[PDB]
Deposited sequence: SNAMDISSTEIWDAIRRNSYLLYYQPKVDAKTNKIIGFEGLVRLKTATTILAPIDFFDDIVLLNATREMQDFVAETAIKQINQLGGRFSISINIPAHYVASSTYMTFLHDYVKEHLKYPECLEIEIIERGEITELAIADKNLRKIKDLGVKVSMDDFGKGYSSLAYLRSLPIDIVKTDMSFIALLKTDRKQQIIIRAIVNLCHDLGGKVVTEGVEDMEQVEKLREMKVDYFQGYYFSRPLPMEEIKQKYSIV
C-alpha cells in the first residue's frame, strides 16, 4: 500500500537523504519551550516520509547505521548552535543502546563534538539482559548526557527498563493521556506513575497532548513536560524558529 514506489524510497536511502525534524517539549508550569525531540524524516523525490513508513527498507538495505549516525551528528550540530539553551533528544533503538561497539563510538563522537553534553538526551526506543545496556548508558551519562525511554508501559517490560537502566525521563505516548474525562482508573494510574518517577528522582514527558483540558489535568498531576499537537507538530528547525522567535 504505497502512494509512492519502493524504488524512489530505496534511492533516497542510498543518497542518505534524511532530515531531522524537531517537536517542542514545553515546561508544564511556565509553558516555556525547554527542548525538542529530534524525529528523523526521509526526503524523497516527491515527498517527505516519517520512520513508520520507510523502516522496512532501511533494515533490508542495512542502512540503520547511516541513519543513526545522521541523527546523532545533525542533533549535535543543532545543540551546539543553540548555545546550550535547549536540549535535543535522539531516538536510539534498544539494540543500539545495548551495543558496546556502537555506544563506544557514540561516546567518542559526543566527547569530541558536542559542546553542551547536558543538552543531549538519548531516548531509548524499540524496547533481555540489561547490564550491558546499563553500562553503555552510564558511560555516556558520565559526560552529562540525559537518558529517557519512550512508550512507557505500552512497550516491552517498561518497569524493568525503569528498574535496571539509568533513566532520567519517562515519556508516555498518546493513548496514556486520552479519554481522561471518563477514565478515573487512568487518572489514578497516571498520578501513580508520575509520583513514582519523581520518587525515583526523574521527570515525566507526556506526548500526544492535544487540548487544554488535558493540560489542566496533567499539570495538576505533576507532569513535568508536554509534547503534542496543541503546542506544535514536528517541524524543520527553520519553521520552528519562524514560529517561536525565542529559539
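S.K.: Just jot down which stretches of the deposited chain sequence have no CA coordinates, in the order they come.
M.R.: In sequence order, the gaps with no modelled C-alpha are 1 to 2, 130 to 132.
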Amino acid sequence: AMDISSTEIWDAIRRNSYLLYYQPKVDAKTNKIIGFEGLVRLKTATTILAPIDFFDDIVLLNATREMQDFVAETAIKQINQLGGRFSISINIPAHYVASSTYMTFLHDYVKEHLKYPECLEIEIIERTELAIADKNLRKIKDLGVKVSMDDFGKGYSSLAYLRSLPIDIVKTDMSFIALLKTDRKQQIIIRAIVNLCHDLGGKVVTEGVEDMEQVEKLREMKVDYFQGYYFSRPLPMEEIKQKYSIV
From here on, numbers count along this sequence of modelled residues.
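S.K.: Between 222 to 230 and 5 to 13, name whichever shows the higher mean Cα B factor according to the PDB entry.
M.R.: In the deposited entry, the stretch with the higher C-alpha B-factor mean is 5 to 13.
S.K.: If you average the CA temperature factors over each stretch, which comes out higher, 166 to 174 or 130 to 138?
M.R.: The entry gives the higher C-alpha B-factor average to 130 to 138.
S.K.: Whose C-alpha has the highest temperature factor in the PDB entry: 215, 192, 45, 204?
M.R.: Within the set 215, 192, 45, 204, 45 shows the top C-alpha B-factor.
S.K.: Which of these, 33, 28, 39, 180, has its C-alpha atom at the highest B-factor, as the entry lists it?
M.R.: Most elevated C-alpha B-factor of the set, per the entry: 39.
S.K.: What third of the chain, by the recorded C-alpha B-factor, contains residue 71?
M.R.: Middle third of the chain for residue 71's C-alpha B-factor.
S.K.: Taking the chain's C-alpha temperature factors as the reference, tell me which third residue 56 falls into: lowest, middle or highest.
M.R.: Ranked within chain, residue 56 CA B lands in the highest tercile.
S.K.: Would you please rank residue 100 by its C-alpha temperature factor against the other modelled residues of its chain and give the third it falls in: lowest, middle or highest?
M.R.: Tercile = highest for this residue's CA B-factor.
S.K.: When the deposited Cα B-factors of this chain's modelled residues are ordered and cut into thirds, is residue 144 in the lowest, the middle or the highest one?
M.R.: Residue 144: CA B-factor falls in the middle third of its chain.
S.K.: Using only modelled residues of the chain, where does the Cα B factor of residue 49 rank: lowest third, middle third or highest third?
M.R.: For residue 49, whose C-alpha B-factor we compare with every modelled residue in the chain, the answer is the highest third.
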